[PDB]
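Residue numbers (this note's numbering), protein chains in the order written: chain G, 1 to 264; chain L, 1 to 261.
Every residue, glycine too, gets a C-beta built ideally from N, C-alpha and C.
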Amino acid sequence: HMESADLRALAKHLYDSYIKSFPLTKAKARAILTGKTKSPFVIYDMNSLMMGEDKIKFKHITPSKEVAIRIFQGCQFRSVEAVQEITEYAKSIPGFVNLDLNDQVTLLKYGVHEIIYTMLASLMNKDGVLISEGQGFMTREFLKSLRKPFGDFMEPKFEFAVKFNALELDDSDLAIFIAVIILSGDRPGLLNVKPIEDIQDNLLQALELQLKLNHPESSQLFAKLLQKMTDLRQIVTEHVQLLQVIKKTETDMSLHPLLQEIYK
Amino acid sequence: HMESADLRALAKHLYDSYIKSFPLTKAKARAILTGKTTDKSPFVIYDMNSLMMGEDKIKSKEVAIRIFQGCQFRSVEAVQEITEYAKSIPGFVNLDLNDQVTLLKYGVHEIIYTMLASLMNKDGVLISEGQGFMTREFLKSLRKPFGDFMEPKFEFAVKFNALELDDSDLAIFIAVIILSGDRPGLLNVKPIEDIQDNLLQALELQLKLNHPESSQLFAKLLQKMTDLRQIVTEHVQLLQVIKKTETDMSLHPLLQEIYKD
Ligand SMILES: O=C(O)c1ccc(-c2nn(S(=O)(=O)c3ccccc3C(F)(F)F)c3ccc(Cl)cc23)c(OCc2ccccc2)c1
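Written out as structure tokens, the structure is:
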């Protein structure tokens, strides 16, 4: 199908583009989280949150007065930013911009949720999550302690991330894996599935070789990573069901109509 | 890590046990569905009266209920066949007893829909050990919530069947599903994942030898476990609607235990 040297070329192409499109790489985030590097400002309670916004000025925690909502909303602000970074990255995947324009939009629409969850694990450990390009760190305990349903909104993301991180993928692995997710030929409404699965076949070959060369001791890591695509689809659907319960319950949630449109 | 000849021995073992455990194979089912055989033609059920004639030929309540009850009777039989097969998977019966139960609890339904695809084409499904064939249209036309019970299984089967797996492939794939270390409540994840590693190596080699032109079939088959998980969840939500609506309607004790939690 594809020759080994071409698969290495595709892997390197995707890695180079992944570094340019995403500001905070997994390699950099792990340096911050482990204490192996300007320590980030830590948000662990209500007062430290108040000081963090006053001193660091986090752009997702600014002008809807209740903290739990403010944080919940802040997460959606960052997610919308991440969609644009993922969209730019996808343009670098060989073949993608040659696809039918509606199919490109469909692949991004249904794939960004899975990729956001995947890449959020890079920024997490069992104790919290990096924010604002790594300058802040919000503790798991503070997040889980948010009232009513907002506390239980955050914890599932940590539970997935802890399991996903046990695979010990690095950025060069993740760049191919993210590409594989985007090129899923089973998204609803696709007009021309054939070139999408043709590209995914190439990407899967490149991921397989990448994993054997970069983790030669990690038996069947390729298979195990593919099994995580089950966890991703399952958690996205759960996430959707969680929002719908918020939307139908919480009357303090309204933003400026123009803001509501941006985050539709 | 395992040797090539050891992986071929494991595939042959599993295929052998699969033939012993499941009376209606994919190979037999396809001979029935494709026809050109006067000794294996099924009686076709497409409406009430042909169902009426079916009782006499294949051998007191509402039709949609009788059909539903029939599936649960067959589901219990399938759980029995699947449990027999699992005991033959090297290492399974050596596991902690609670884990054996847990793997079966969460695995039997994913396997049932996998092997049900073998009995399906786009127009209907074989029943009663291949003697009957019930049309998709007739099933979809059942009243209440029962009409929508089967259609998602058909939608999966049509896609899954496009992979063109045979029984020797499916024997390893089914084993991989059972030995899933991510089932909730498992006590000893590590020995389960050691077994699945061997099974995954064996499935990979099997697919390369038996489908050499079918690029990345291994990867594409594993992505199908996502479709399986979704169908189980849909089915469970349908049962709960039934439990709260049909209060004269009982489930088999074996089935009730599987669906608890
Ligand atoms: O930098 C990043 O790469 C980054 C990306 C995403 C998120 C985040 N998004 N969301 S989300 O809005 O629910 C959402 C929306 C659409 C689709 C998926 C999701 C989601 F999968 F993740 F669940 C979150 C919910 C909980 C948590 Cl802990 C994180 C997120 C992110 O959070 C950083 C953050 C944390 C606290 C306060 C402010 C910012 C960072």
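Annotation: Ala161 (chain G) has no Cβ neighbours in chain L at a cutoff of 9 Å; minimum Cβ distance is about 15 Å.
Distances between the C-beta of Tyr117 (chain G) and the heavy atoms of ligand 1 include at least one below 8 Å. Counting C-beta atoms within 10 angstroms of its own C-beta, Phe92 (chain L) has 16 or more neighbours from the protein chains shown and is therefore classed as buried. In this structure, the beta-carbon distance from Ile196 (chain G) to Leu107 (chain G) falls below 9 Å. Nearest to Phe150 (chain G) by C-alpha distance, out of G:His239, G:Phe22, G:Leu49, is G:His239.
Per DSSP, reduced to three states, the secondary structure at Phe22 (chain G) is coil, with no helix or strand assignment.
Judged by DSSP in its simplified three-state form, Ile71 (chain G) adopts helix.
Membership of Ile43 (chain G) in the beta strand (DSSP E) is indicated by the continuous run 41-43. Here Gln196 (chain L) is buried, its C-beta having at least 16 other C-beta atoms within 10 Å. Distances taken from the Cβ of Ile131 (chain G) to the heavy atoms of ligand 1 include one shorter than 8 Å. Between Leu242 (chain G) and chain L, the shortest Cβ-Cβ separation is not below 9 Å. Within the segment 105-124 of chain L, no residue places its CB atom closer than 8 Å to a CB of chain G. If you check the CB distance, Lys144 (chain G) and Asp182 (chain L) do not come in under 9 Å. Within the segment 214-248 of chain L, contact with chain G at the beta-carbon level (separation under 9 Å) is assigned to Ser215, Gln216, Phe218, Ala219, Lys220, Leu222, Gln223, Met225, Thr226, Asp227, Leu228, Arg229, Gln230, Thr233. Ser79 (chain G) has its Cβ nearer than 8 Å to a heavy atom of ligand 1. Cβ-Cβ distances below 7 Å link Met51 (chain G) to nothing in the same chain once the five nearest sequence neighbours on each side are left out. Contacts with chain G at 9 Å (Cβ-Cβ) do not include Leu205 (chain L). Per DSSP, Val162 (chain G) is one residue of the alpha helix (DSSP H) stretching across 150-165.
Between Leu14 (chain G) and chain L, the shortest Cβ-Cβ separation is not below 9 Å. Between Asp182 (chain L) and chain G, the shortest Cβ-Cβ separation is below 9 Å.
For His211 (chain L), no Cβ of chain G is located within less than 9 Å of the residue's own Cβ. Interface criterion not met: the Cβ of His256 (chain G) is under 9 Å from no Cβ in chain L. Residue ranges of uninterrupted alpha helix (DSSP H) with 4 or more members, entirely inside the segment 161-204 of chain G and ordered along the chain, are 171-182.
For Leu200 (chain L), the neighbours in chain G by C-beta distance under 8 Å run, in chain order, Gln220, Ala223.
DSSP places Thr34 (chain G) within a helical segment (H, G or I) once states are collapsed to three. The shortest C-alpha to C-alpha distance from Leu169 (chain G) to any of G:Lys126, G:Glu133, G:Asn214 is the one to G:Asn214.
Per DSSP, the continuous beta strand (DSSP E) segment holding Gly132 (chain L) begins and ends at 132-135.
Counting the other CB atoms within 10 Å of its CB gives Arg147 (chain G) a total below 16, which places it among the exposed residues. At least one C-beta of chain G is nearer than 9 Å to the C-beta of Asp197 (chain L). With a threshold of 16 other beta carbon atoms within 10 Å, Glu81 (chain L) meets it and is buried. Shown here, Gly52 (chain G) sits in a helix according to DSSP, grouped into three states. Ranking L:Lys20, L:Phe173, L:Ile65 by CA distance to the CA of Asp248 (chain L) puts L:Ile65 first. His60 (chain G) has a beta carbon lying at 9 Å or more from every beta carbon in chain L. With fewer than 16 other beta carbons inside 10 angstroms of its own, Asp16 (chain G) counts as exposed. Considering only G:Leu14, G:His13, G:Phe153, the residue with the shortest C-alpha distance to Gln244 (chain G) is G:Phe153.
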